[PDB]
Amino acid sequence: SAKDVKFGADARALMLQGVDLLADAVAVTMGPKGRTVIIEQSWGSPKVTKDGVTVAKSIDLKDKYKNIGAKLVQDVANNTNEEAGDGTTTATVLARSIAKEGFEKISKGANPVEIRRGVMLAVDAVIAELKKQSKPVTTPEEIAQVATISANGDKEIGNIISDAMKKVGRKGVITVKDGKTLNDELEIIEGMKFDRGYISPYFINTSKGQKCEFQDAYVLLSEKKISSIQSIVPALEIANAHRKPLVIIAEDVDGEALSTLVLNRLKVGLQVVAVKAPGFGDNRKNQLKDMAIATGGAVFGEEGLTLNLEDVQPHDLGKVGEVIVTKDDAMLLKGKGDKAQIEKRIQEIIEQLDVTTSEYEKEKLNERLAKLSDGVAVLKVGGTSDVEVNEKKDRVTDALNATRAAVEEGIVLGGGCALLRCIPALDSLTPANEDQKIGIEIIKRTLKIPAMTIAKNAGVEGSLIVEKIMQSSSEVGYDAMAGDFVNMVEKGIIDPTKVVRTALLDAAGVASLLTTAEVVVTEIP
Amino acid sequence: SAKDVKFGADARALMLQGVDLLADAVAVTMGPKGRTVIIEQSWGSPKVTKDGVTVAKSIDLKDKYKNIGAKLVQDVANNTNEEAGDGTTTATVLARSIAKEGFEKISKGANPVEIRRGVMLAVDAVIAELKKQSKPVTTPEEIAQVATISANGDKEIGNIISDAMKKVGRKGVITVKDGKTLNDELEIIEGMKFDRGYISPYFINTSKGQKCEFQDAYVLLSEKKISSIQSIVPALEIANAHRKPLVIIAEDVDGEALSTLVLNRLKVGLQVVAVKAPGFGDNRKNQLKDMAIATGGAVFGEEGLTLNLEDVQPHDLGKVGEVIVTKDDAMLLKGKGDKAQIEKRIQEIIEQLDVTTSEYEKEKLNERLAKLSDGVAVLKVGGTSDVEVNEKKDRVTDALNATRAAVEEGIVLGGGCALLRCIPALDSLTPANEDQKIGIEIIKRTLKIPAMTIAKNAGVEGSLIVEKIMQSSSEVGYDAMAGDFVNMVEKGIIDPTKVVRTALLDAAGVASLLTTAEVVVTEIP
Amino acid sequence: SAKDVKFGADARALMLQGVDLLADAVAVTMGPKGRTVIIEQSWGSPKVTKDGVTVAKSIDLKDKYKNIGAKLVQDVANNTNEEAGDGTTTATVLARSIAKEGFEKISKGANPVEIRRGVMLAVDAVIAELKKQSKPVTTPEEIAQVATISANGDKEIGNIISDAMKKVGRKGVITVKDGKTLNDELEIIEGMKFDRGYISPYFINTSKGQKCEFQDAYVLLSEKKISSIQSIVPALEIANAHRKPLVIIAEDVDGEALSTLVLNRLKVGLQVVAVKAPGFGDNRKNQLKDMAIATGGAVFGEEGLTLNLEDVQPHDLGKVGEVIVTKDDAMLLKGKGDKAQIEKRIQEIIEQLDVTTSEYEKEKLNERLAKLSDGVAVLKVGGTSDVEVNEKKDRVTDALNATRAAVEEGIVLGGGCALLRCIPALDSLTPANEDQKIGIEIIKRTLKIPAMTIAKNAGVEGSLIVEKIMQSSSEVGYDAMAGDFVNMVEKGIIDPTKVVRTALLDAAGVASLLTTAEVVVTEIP
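Right, here's the structure in full:
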């Protein structure tokens with residue numbers, strides 16, 4: 001198709017006008033004093049939301065250059081940083097600020113490459129200082145405190161979260177379930193969670209949950225790749241005859257088999273899902289064998305054992321309690337099989353760990369062992385009514401994700417004051433040229449933007465607030481909920497340092513991309 | 001359809017405005033300091049690329065004359081020069097420069113034919129000087145050094161590349177495969193590669209690979225041409241019975257048979273590919289016999305032996321380990337058959353080489369022998385994860401192609417300084433008329449364009465850099481990565497001379513075409 | 001449909017504006033220094049061509065009057081003169097020049113019919129002088145020289161061409177074939193070529209060849225016309241049983257039978273073609289009998305012998321080696337049957353020639369005898385690679401056609417100098433009125449136009465070149481390849497007189513038509 005091509009600033013400026021709107025659409029929905037946005041629904045009543053991620057995912061500009069600039073910011077900000085609600089908003093606002101400053105300085109006649117180098121130097125120095133000043137959370141008391149803080153002060157949520165972390169471990173797997181009671185409880189069961197999400201984006205069992213859900217599902221495991229490979233119908237024979245659903249784990253599925261399964265799920269909606277293998281090579285084979293033993297099945301590789309997908313049998317396949325599949329993550333719960341076989345496999349893994357000496361091999365064997373010997377914690381969140389347990393479950397999931405992010409890398413002052421404590425680290429850096437100095441100045445100016453934005457959302461003048469925070473000590477910041485200079489860490493206004501670091505990294509990357517792009521090609525309307 | 005016809009400069013000028021955009025779309029993306037280009041995608045997020053070939057293949061102008069000028073540059077530049085990423089970019093930029101200078105000189109009253117004569121004289125002189133100054137690479141340590149240089153300084157990639165080129169030979173066949181391990185390894189197997197690509201451009205099996213992939217496939221060989229010839233269904237009978245795929249090799253396939261196969265591939269996607277024959281006449285018959293012996297099959301020519309496509313049998317056809325098909329190239333790996341038969345065929349080829357005396361016949365028998373006695377090297381590139389092994393495989397393929405191009409025609413200073421050393425050769429040339437002198441001047445001016453463009457991408461002023469390189473010695477050039485005048489050859493900034501020569505040839509050809517065209521006819525909108 | 005009608009010059013001028021473009025599109029592609037034309041292909045890369053016939057066949061104007069003028073020139077120029085590449089270009093350029101001069105003189109108040117009479121008188125005088133000036137080609141040395149000259153100095157092509165001509169005859173039948181070897185060879189086989197082309201324009205077996213090709217095909221012959229006559233399916237029964245193709249020769253095929261065969265050709269593409277009978281009446285019957293005896297079949301006329309198309313049998317029809325069908329020409333090779341029957345028929349034809357005395361009857365019997373007693377020469381052109389043998393075959397065909405045209409009517413100076421030697425013959429002609437004198441002047445001015453055009457393509461000033469040629473002797477002209485006044489006949493710059501005469505005749509005819517037309521009626525848009 002015919003294309004229109006724009007060079008130099010005449011393109012970048014256009015792209016900039018496409019991000020400002022997005023920034024202005026999301027900059028207002030950050031901080032505890034976040035305002036509201038009215039999303040228009042073509043079919044029903046307008047939605048009222050105060051979530052940055054939803055607002056960012058909602059808008060879509062009209063002009064091609066503005067649209068591609070907005071999409072460039074959206075994709076990276078939402079995908080790379082998605083754990084926390086402010087994680088994406090901070091990324092978008094910071095990226096807009098850095099891009100605007102860089103474009104304004106470039107228009108004077110500075111070198112874009114040296115400006116980008118100075119920006120990256122300043123960002124690296126800021127991140128180093130942030131890693132230095134990030135205090136860790138490593139005690140059950142501290143874990144409980146951070147869980148309560150991240151749960152808006154709910155004591156029981158923090159208590160059960162800390163209990164789960166203590167029972168399973170910081171490296172353990174925790175999920176939530178409907179309690180069907182008046183008091184949330186904790187359970188530990190046999191589980192198998194790996195980091196391979198669904199292969200079919202259209203494969204979503206639960207429309208509301210953004211997730212795939214099945215229970216008491218049989219499982220087929222084959223080392224060989226089953227992409228575009230037919231004759232899976234024999235499995236579907238018992239999948240329909242026996243009411244239980246089925247999960248197929250392969251190297252990959254694509255082509256004929258994927259098209260047939262996706263069409264049957266779209267039209268008929270049969271209950272068979274498929275995903276990829278967790279490991280690599282011999283590690284993948286061993287992990288598949290471990291999973292088959294944990295489920296009572298067997299790997300259907302043609303090598304060695306004589307077993308293929310051509311014929312299936314009820315006791316040949318494995319039995320698991322329930323299968324959950326989502327983005328980047330999938331899990332099986334309450335597997336079956338011979339428990340003596342489980343003990344033998346665990347002892348074999350233990351002896352392999354003993355005999356092995358390589359660090360990588362020891363780590364892989366440790367992961368394979370801890371997948372089975374350790375269990376999965378399910379948080380049966382309960383309450384009087386379903387519409388109440390749903391909100392409680394959402395709050396529990398939010399608190400659990402926030403506390404896991406906090407324990408992974410530590411905590412820092414919340415409310416946008418985390419970055420305001422890294423400005424002093426910019427004096428140490430020395431620039432080779434003037435353009436790198438200008439990049440340092442740009443990052444120094446943009447470090448204070450989230451605090452100004454939170455203050456503006458709260459209504460107080462941003463400049464006075466940031467000046468007071470900078471001139472004061474390094475322990476107190478500004479609380480917008482109470483609107484005063486308070487001791488953040490004791491008052492319970494903190495954020496995980498992983499979120500802040502990832503937001504700064506994403507903003508720096510996208511700003512560099514938008515300030516170094518030279519040619520934009522867009523399809524003609 | 002109604003046509004609009006433009007004569008003289010009023011057409012050429014239009015055509016010129018077509019190429020300038022293309023040049024400006026690719027001139028930025030050359031050099032180690034290459035900027036980025038944002039390709040609009042109608043379905044997803046915009047693509048960010050710094051590859052010259054992709055950017056050139058992306059754009060498509062709207063006006064008919066500009067579009068056809070851009071397509072004229074695109075087709076030749078991409079097709080004739082495709083080995084290296086900078087080859088096509090250099091071709092396009094040089095072609096634009098020469099065409100612009102030629103049009104400007106022609107507009108003042110010069111003779112286009114006597115201008116093109118001078119341009120071609122200067123280009124031939126420059127290429128002669130380049131061939132003179134091209135230092136060769138013919139030692140294993142030199143091959144290792146050039147492989148490491150072309151792999152951005154990766155020592156192990158260079159080591160394994162040199163090991164392959166030593167265990168198979170400089171003129172041998174090397175491919176890459178997934179290692180499924182933590183260390184890249186080398187293997188030598190029985191192979192059969194010939195220079196006939198796929199007959200069906202819509203026969204791309206692996207969508208991501210731009211290639212046709214099959215494993216453990218039977219093979220049918222027939223001397224007679226099987227275009228528009230039905231009754232290939234009997235082969236499809238066992239192709240459906242035995243899940244193995246099948247490859248047909250004929251004189252050509254076209255008409256009814258091609259249409260049936262292409263519709264079955266588009267809709268049903270059966271695993272039967274077809275390709276042409278490698279040889280010619282007696283050579284074709286002997287090569288088909290050699291391939292059948294290497295696979296255990298037989299040529300299905302009706303002459304002599306009584307065998308046709310009407311009836312097939314499982315042991316009548318040959319068996320090969322894997323079939324790889326791509327553009328201009330195809331190969332079969334791990335063939336089968338009687339090894340004593342292979343020995344007898346090799347001995348008969350040796351005796352034919354002994355008895356024969358003609359140079360062409362001796363060369364043909366040498367090629368036929370080396371296609372069987374020698375093996376194919378597969379580089380099992382491995383790593384921790386699928387993405388890591390994919391990126392490593394891409395890097396290995398890039399390094400292998402670059403080092404093969406280097407060994408084929410030597411190496412020369414990279415960074416666009418290769419052509420800057422050929423300007424002195426333009427003093428020897430003497431023009432018969434003034435127009436040939438003006439052509440000499442045009443080529444002299446355009447020789448310094450790639451270096452100026454690389455400097456401009458790096459940000460430094462082009463004129464100062466090229467003047468410094470011209471006035472300095474003949475051993476040092478400009479490094480954009482470090483941004484200083486350094487000794488290129490030991491610093492590891494080199495390019496194969498084949499790429500530079502092909503780029504100059506293509507640019508000269510397309511520039512002559514665009515500066516000598518008189519009538520342009522384009523369909524009415 | 002509603003029609004717009006234009007009278008007088010207001011129409012002719014419009015038509016003229018539609019031929020100038022065509023002339024300007026083809027005038028640049030003539031002479032050895034022919035420039036290039038960029039045809040726009042709606043589906044792929046633009047085509048670069050330097051063929052006058054292709055450019056003329058490409059363009060198509062938009063305005064109705066201009067379009068019909070261009071089509072008027074195109075149809076006559078291409079259809080009546082298509083043997084040589086310059087044969088059509090010279091026709092179009094000369095026709096445009098004569099039409100323009102005639103219209104300009106008519107606008108002043110001249111009488112169109114007397115102007116046309118003067119133009120025709122001048123053209124006839126020029127053609128008579130040209131036929132006087134022609135040098136015959138009637139010796140094998142001259143045949144070899146002209147074959148080498150027409151093959152751009154290729155010695156082996158000329159040698160094999162002369163061998164074919166002197167082995168078969170001056171008016172013998174020669175075709176080309178793929179040699180499948182490194183050396184072109186000559187073969188003589190039994191053949192039957194007649195001057196009846198394919199009946200169905202859509203019937204084109206070889207898409208690339210502009211020809212119909214079949215091998216080892218049976219043949220049906222019937223004296224009675226088989227237009228719109230069904231029950232030809234009995235022949236198709238064995239045409240499907242035996243994979244051999246089939247050719248029908250009848251009086252004509254039209255209506256139901258033609259429609260059925262053509263729809264099966266586009267849809268199913270069965271290998272049965274049909275053509276018209278060669279002769280007329282008694283001659284047609286005798287020629288069909290000769291063809292049947294040469295193929296072993298029989299004519300299916302119901303008179304006398306009892307045989308019809310209702311039932312067919314394998315030995316009832318004739319067997320021939322291969323059937324070639326093209327425009328205006330069809331031919332069979334390697335017929336079968338009783339060789340003693342062939343001898344008896346030849347002796348019967350000899351005795352009929354002996355007894356007969358009429359000149360026309362003797363000529364017809366001589367043609368019928370020489371069809372069978374003489375053979376057909378096939379030139380197996382060969383080479384290393386298919387893309388090489390294709391170009392070699394094209395060059396061989398071009399040289400063969402050029403040398404046959406040269407031997408048919410002699411040769412004359414090439415490079416457009418042939419017509420410049422006929423200007424002196426215009427002094428002998430005396431016009432009755434002033435308008436015929438003006439027509440003489442018009443033809444005198446237009447005789448020099450091809451020389452001006454060739455010089456302009458070469459870039460040298462046309463007027464100086466033509467003045468030098470006119471003032472010099474009658475043996476030397478201007479060579480554009482070397483750009484100097486050289487002795488054409490020895491240097492090898494000649495063209496057949498047939499091409500020049502036909503081009504002049506066609507140009508005169510079309511110019512008279514475009515300068516005498518009074519009313520133009522064109523459908524409303």
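Protein chains in written order, with our numbering: chain A, 1 to 525; chain B, 1 to 525; chain C, 1 to 525.
Every residue, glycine too, gets a C-beta built ideally from N, C-alpha and C.
About 6 Å separates the CB atoms of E40 (chain C) and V521 (chain B); that is less than 8 Å, so the two are in contact. Interface residue (Cβ-Cβ distance to chain B less than 8 Å): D398 (chain A) is not classified as such. For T260 (chain B), the closest Cβ of chain C is not nearer than 8 Å.
Contact note: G304 (chain B) does not reach chain C at a C-beta cutoff of 8 Å; the least C-beta distance is about 17 Å.
Within chain C, no residue has its CB atom less than 9 Å from the CB of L365 (chain B), the nearest being about 15 Å off. For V113 (chain A), a Cβ of chain B is located within less than 8 Å of the residue's own Cβ.
For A377 (chain C), no alpha helix (DSSP H) run applies; the uninterrupted beta strand (DSSP E) run containing it begins and ends at 376 to 381, by DSSP. Straight-line measurement puts the Cα of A122 (chain C) at about 21 Å from the Cα of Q471 (chain C).
In the structure shown, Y360 (chain A) adopts helical secondary structure according to DSSP, grouped into three states.
In this structure, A25 (chain C) keeps its C-beta atom at 8 Å or more from the C-beta atom of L379 (chain C). Between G335 (chain B) and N283 (chain B), the alpha-carbon positions lie close to 21 Å from each other. In the three-state DSSP reduction, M120 (chain B) falls in the helix class (H, G or I).
The Cβ of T92 (chain A) sits no closer than 8 Å to any Cβ of chain B. For the region 36 to 66 of chain C, residues whose beta-carbon sits nearer than 7 Å to a beta-carbon of chain B comprise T36, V37, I38, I39, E40, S42, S45, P46, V48, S58, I59, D60, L61, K62. Three or more pairs of CB atoms, one per stretch, sit closer than 8 Å, so the region 193 to 207 of chain B contacts the region 252 to 264 of chain B.
Between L14 (chain B) and chain C, the shortest Cβ-Cβ separation is not below 8 Å. Counting C-beta pairs with one atom in each stretch, the region 125 to 135 of chain B and the region 492 to 501 of chain B have three or more that are closer than 8 Å, which means they touch. Around the beta-carbon of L419 (chain C), 16 or more other beta-carbon atoms lie within 10 Å, marking it buried. When the beta-carbon positions are compared, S428 (chain B) and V119 (chain B) stay at least 8 Å from each other.
Collapsing the DSSP output to three states places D60 (chain B) in coil. Residue state for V312 (chain B) is assigned as coil, using DSSP reduced to three classes. With a threshold of 8 Å between beta carbons, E237 (chain B) makes no contact with chain C. Here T90 (chain A) has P450, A503 as same chain residues with Cβ atoms under 6 Å from its own Cβ, once five neighbours each way along the sequence are excluded. Take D51 (chain B), set aside five residues on each side of it, and the residues of its chain with a beta-carbon closer than 8 Å to its own are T29, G85, in chain order. Non-local C-beta neighbours of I229 (chain C) in its own chain, meaning closer than 7 Å and more than five positions away in sequence, comprise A257, ordered along the chain. DSSP assignment within the region 95 to 150 of chain A yields the following whole alpha helix (DSSP H) runs of 4 residues or more, N-terminal first: 112 to 133, 140 to 150. Closest in alpha carbon position to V387 (chain B), among B:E83, B:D178, B:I38, B:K319, is B:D178.
With 16 or more neighbouring CB atoms inside 10 Å of its own CB, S222 (chain A) falls in the buried class. CA-to-CA, the gap between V48 (chain C) and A23 (chain B) works out to about 21 Å.
If you look at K193 (chain A), you'll find it in the beta strand (DSSP E) that goes 191 to 194. Within the region 17 to 73 of chain B, the runs of beta strand (DSSP E) at least 3 residues long that lie entirely inside it are, in chain order, 36 to 39, 47 to 49. Where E213 (chain B) is concerned, the enclosing beta strand (DSSP E) starts and stops at 212 to 221.
Between the alpha carbons of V519 (chain C) and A250 (chain C) lies a distance of about 42 Å.
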